[PDB]
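Reviewing the structure listed below.
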Amino acid sequence: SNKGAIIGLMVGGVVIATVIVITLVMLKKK
Numbered sequence: 026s027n028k029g030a031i032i033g034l035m036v037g038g039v040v041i042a043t044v045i046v047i048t049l050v051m052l053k054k055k
């Protein structure tokens, strides 16, 4: 409650950032 649940999305978002990094690595190919 009150910016309290905002942390919840920060937990499952750590894995979303791991894929974004490798993404830029696949772009240089083309």
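Taking PDB author numbering, I'd label the letters of the sequence shown as residues 26 to 55.
No residue lacks a Cβ here, since even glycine has one placed at the ideal position from N, Cα and C.
What separation, rounded to the nearest whole angstrom, lies between the Cα atoms of residue i and residue j?
i: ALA42; j: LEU49; result: 12 Å
i: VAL40; j: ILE31; result: 16 Å
i: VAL46; j: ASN27; result: 31 Å
i: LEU34; j: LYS55; result: 33 Å
Indicate the three-state DSSP secondary structure (helix, strand or coil) for residue i in the structure shown.
i: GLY33; result: helix
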